[PDB]
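Please read the structure below before turning to the comments.
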Amino acid sequence: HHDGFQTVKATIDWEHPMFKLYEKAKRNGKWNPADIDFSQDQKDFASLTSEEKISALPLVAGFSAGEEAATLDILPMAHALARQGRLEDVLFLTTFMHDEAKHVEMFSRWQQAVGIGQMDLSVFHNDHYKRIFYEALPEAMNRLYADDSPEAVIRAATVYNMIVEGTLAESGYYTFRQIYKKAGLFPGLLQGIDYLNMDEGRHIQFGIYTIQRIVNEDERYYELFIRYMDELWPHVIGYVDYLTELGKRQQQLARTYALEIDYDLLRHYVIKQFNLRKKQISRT
Amino acid sequence: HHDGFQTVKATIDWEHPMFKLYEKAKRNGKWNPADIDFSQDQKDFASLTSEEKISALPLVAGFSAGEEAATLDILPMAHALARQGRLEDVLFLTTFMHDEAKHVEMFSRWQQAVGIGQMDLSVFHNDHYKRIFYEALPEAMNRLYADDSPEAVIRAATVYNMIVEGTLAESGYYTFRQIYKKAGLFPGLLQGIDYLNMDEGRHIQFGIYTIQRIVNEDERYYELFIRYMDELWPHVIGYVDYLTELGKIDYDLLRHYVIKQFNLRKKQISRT
Ligand SMILES: CCCCCCCCCCCCCCCC(=O)O
Ligand SMILES: CCCCCCCCCCCCCCCC(=O)O
Ligand SMILES: [Fe+2]
Ligand SMILES: [Fe+2]
Ligand SMILES: [Fe+2]
Ligand SMILES: [Fe+2]
Ligand SMILES: [Mn+2]
Ligand SMILES: [Mn+2]
């Protein structure tokens with residue numbers, strides 16, 4: 001039952017940080033995946049050798065499943081904050097969810113356009129990937145339906161916003177630019193990634209706001225955050241190692257396009273992102 | 001756990017009706033309540049007598065609470081269809097939810113601008129209004145977390161889309177235009193109502209799609225739909241009666257518009 005309604009008893013809290021982020025989301029999140037021209041991506045992909053064609057698919061496989069999970073799995077956080085009466089957070093999260101729908105859509109449109117929609121890309125999800133995206137993420141989010149304690153909310157935000165978005169997704173944007181933008185390939189995909197990277201800046205800010213406000217109540221939760229970050233790292237790097245090992249086995253795309261793909265620089269960027277995210281939460 | 005992912009094994013079902021509605025929602029649903037200029041609404045409201053001022057508040061109180069409930073209470077429907085693997089429905093519902101967020105925002109910005117944001121408007125929710133929006137609506141939606149049976153989904157869409165949106169909300173837009181558009185009052189609010197009414201056409205389409213696809217499996221669900229509609233009618237008309245009595249502009253014309261919408265919504269679902 002509803003006890004009453006905030007915008008009947010009072011108004012929206014116009015100065016709330018999540019209302020301000022909601023306003024930025026509406027202003028800055030206008031792109032439509034349906035407007036991206038993928039006709040050159042189709043030609044690029046068809047001109048690749050079958051072995052150059054493979055080079056790109058593990059990353060796309062990781063993002064398609066990642067964004068699809070993100071779309072489904074943010075719903076429990078919106079429910080939990082709604083139940084807590086956090087109306088401005090909920091408003092913001094409608095833009096978060098609609099962003100993720102556009103991200104799932106964008107990657108699926110690319111796969112359709114380049115002619116791999118019919119290919120099952122699950123083969124590029126190794127055990128570490130599955131531990132994060134098939135298991136740990138939905139588990140942490142679904143918990144919130146029955147347990148919205150500070151510990152549960154910190155864990156959900158850590159897995160979703162700080163690891164999946166703030167570490168893996170961020171490193172995936174960078175990787176995509178380091179390879180395909182340098183090669184001059186897949187302009188529509190890169191246009192999509194750029195829009196998506198802009199959206200995700202807000203998503204990470206929501207995760208920081210959420211973790212920090214809970215840490216602010218009791219510094220003890222800061223140790224929980226660091227611990228949960230560290231619990232997931234073995235699967236973060238276990239998946240990065242797998243993609244790295246795949247990239248190192250099929251190198252014709254790098255050879256062909258004179259790319260010196262520095263996977264050790266990429267691996268270093270993942271480590272950088274992970275420690276950067278930790279640093280954006282403070283004990284006090 | 002996730003078993004797999006549709007956009008990894010295959011793609012979005014591009015021809016799905018809810019994917020098509022999602023595409024339409026992106027193309028058509030671009031407005032921003034923050035762009036509406038409410039400066040003349042403030043002057044219009046200050047120009048009213050105290051008695052005229054209060055006459056305007058019950059309808060706004062009903063909408064502000066209604067849109068806030070809608071924002072919160074669509075989440076279980078999104079969850080239940082997500083759990084059923086109905087990805088295109090879920091994509092569409094992200095536009096549904098962000099629409100309701102704009103609707104809540106719009107009416108709250110209007111209250112702030114005209115100077116009643118500090119006034120507790122709960123006094124204009126009578127028992128019938130509370131039965132629907134404080135109780136029946138969240139009850140039917142939340143049920144879906146533990147019971148996503150056809151009967152539960154039909155009931156949820158009936159209360160939310162066919163009664164709250166298709167009957168009360170539709171009749172409220174009409175009412176605002178019959179009274180204030182004709183009076184030349186609150187142009188910012190009426191601009192908002194117009195955008196909101198465009199959005200809500202899609203929301204009603206989702207409810208029709210959802211109810212009819214379940215009805216298509218079994219005509220016993222058609223009778224359930226009609227029963228749930230009739231079960232809520234006394235509170236619908238109990239609230240309309242309350243608003244009409246406060247108003248005392250053809251109220252019998254408005255009251256008949258409500259009945260018209262109610263019967264219209266029933267006729268948009270077919271037994272067959
Ligand atoms: C060799 C370096 C590898 C770099 C890591 C590649 C990461 C692939 C990204 C897939 C998951 C991203 C999903 C984000 C969803 C969301 O917005 O929450
Ligand atoms: C005098 C005739 C009265 C006509 C009916 C007035 C009803 C007031 C509006 C309140 C309901 C708002 C519902 C929100 C709709 C949504 O789910 O998006
Ligand atoms: Fe995100
Ligand atoms: Fe391993
Ligand atoms: Fe609606
Ligand atoms: Fe009554
Ligand atoms: Mn995303
Ligand atoms: Mn609405």
Side-chain angles (χ1 to χ4, degrees), chain A residues 58-74 77 96-107 124-125 128-129 132-133 137 141 157 159-176 178-179 192-193 195-204 206-207 236-237 239-248 261-271 273-274, chain B residues 5 8 29 63 66-67 69-71 73-74 93 95-104 160-161 164-166 168-170 196-207:
Chain A
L59 289 190
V60 171
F63 263 107
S64 276
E67 308 294 348
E68 188 167 329
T71 300
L72 309 177
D73 289 347
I74 189 69
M77 173 72 72
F96 191 126
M97 294 188 292
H98 181 55
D99 288 345
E100 303 300 3
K102 297 196 293 183
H103 304 173
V104 183
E105 180 195 350
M106 192 277 288
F107 286 115
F124 300 118
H125 297 162
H128 292 284
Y129 187 94
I132 295 177
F133 287 96
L137 174 67
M141 303 316 293
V159 186
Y160 194 121
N161 306 110
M162 302 306 268
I163 293 299
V164 165
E165 295 178 329
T167 305
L168 283 170
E170 283 301 323
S171 303
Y173 314 142
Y174 183 71
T175 301
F176 219 78
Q178 284 297 318
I179 300 180
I193 292 286
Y195 288 131
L196 178 160
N197 188 178
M198 279 186 58
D199 295 332
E200 292 293 329
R202 296 187 299 274
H203 299 196
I204 292 163
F206 163 82
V236 169
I237 196 70
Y239 173 62
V240 167
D241 288 344
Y242 167 76
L243 290 176
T244 280
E245 165 280 308
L246 280 173
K248 283 205 237 238
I261 297 180
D262 194 348
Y263 295 103
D264 283 89
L265 169 84
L266 297 173
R267 202 171 178 283
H268 280 152
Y269 191 93
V270 181
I271 295 155
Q273 291 308 297
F274 180 82
Chain B
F5 293 100
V8 170
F63 262 108
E67 307 295 344
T71 299
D73 289 344
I74 191 58
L93 281 173
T95 74
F96 193 124
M97 306 184 289
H98 180 59
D99 292 341
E100 303 303 358
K102 297 199 294 199
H103 303 174
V104 174
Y160 194 118
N161 307 115
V164 166
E165 296 173 334
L168 288 164
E170 276 301 318
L196 179 158
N197 183 220
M198 291 201 287
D199 295 335
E200 289 294 331
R202 296 191 295 277
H203 299 193
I204 296 171
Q205 289 178 254
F206 165 84

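Below, all heavy atoms of this structure are taken into account, side chains as well, without hydrogens, waters or symmetry copies. Each chain gets a letter, A, B and so on, in the order its sequence line appears, and its residues count up from 1. When a ligand or atom number is given, it counts from 1 through the structure's own listing order.
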Exercise. Mind checking side-chain contact (heavy atoms from CB on, under 4.5 Å) for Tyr263(A) and listing every partner two or more places apart, or none if nothing turns up?
Key: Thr244(A), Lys248(A), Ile261(A), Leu266(A)
Practice problem: Please check if any side-chain donor atom of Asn161(B) sits under 3.5 Å from a side-chain acceptor atom of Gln205(B), or the reverse. | Solution: no
Under a 3.5 Å distance rule, please check whether [X] uses its side chain to pair with a backbone N or O of [Y] as donor and acceptor.
X         : Y         : value
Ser64(A)  : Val8(B)   : no
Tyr160(B) : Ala70(B)  : yes
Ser171(A) : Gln273(A) : no
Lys102(B) : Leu196(B) : no

Quiz item: Closest approach of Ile132(A) and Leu168(A), non-hydrogen atoms and distance?
Solution: CD1-CD1, 4.0 Å
Quiz prompt | Non-hydrogen atoms of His125(A) and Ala65(A) that approach each other most closely | solution = CE1-CB, 3.4 Å
Quiz prompt | N, O or S atoms of the protein lying under 2.8 Å from the Mn ion (ligand 7) | solution = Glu67(A) OE1, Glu100(A) OE1, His103(A) ND1, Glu200(A) OE2
Quiz item: At distances under 2.8 Å, what protein N, O or S atoms surround the Fe ion (ligand 5)?
Solution: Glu100(B) OE2, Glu165(B) OE2, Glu200(B) OE1, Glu200(B) OE2, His203(B) ND1
Roughly how far, to the nearest 0.5 Å, is the [atom2] atom of [Y] from the [atom1] atom of [X]?
X         : Y         : atom1 : atom2 : answer
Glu200(B) : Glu165(B) : CD    : CD    : 4.5 Å
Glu105(A) : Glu100(A) : CD    : CD    : 13.0 Å
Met97(A)  : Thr95(B)  : CE    : OG1   : 11.0 Å
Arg202(B) : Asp99(B)  : CZ    : CG    : 5.0 Å

Quiz prompt | Aromatic centroids of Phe63(A) and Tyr173(A) separated by under 6.0 Å | solution = yes
Contacts table for ligand 1: protein N or O within a distance under 3.5 Å of ligand N or O, distances only.
{"from": "ligand 1", "atom 1": "17 (O)", "to": "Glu100(A)", "atom 2": "OE1", "distance (Å)": "2.9"}
{"from": "ligand 1", "atom 1": "17 (O)", "to": "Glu100(A)", "atom 2": "OE2", "distance (Å)": "2.9"}
{"from": "ligand 1", "atom 1": "17 (O)", "to": "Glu165(A)", "atom 2": "OE2", "distance (Å)": "3.1"}
{"from": "ligand 1", "atom 1": "17 (O)", "to": "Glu200(A)", "atom 2": "OE1", "distance (Å)": "3.1"}
{"from": "ligand 1", "atom 1": "17 (O)", "to": "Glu200(A)", "atom 2": "OE2", "distance (Å)": "2.7"}
{"from": "ligand 1", "atom 1": "18 (O)", "to": "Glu165(A)", "atom 2": "OE2", "distance (Å)": "2.8"}

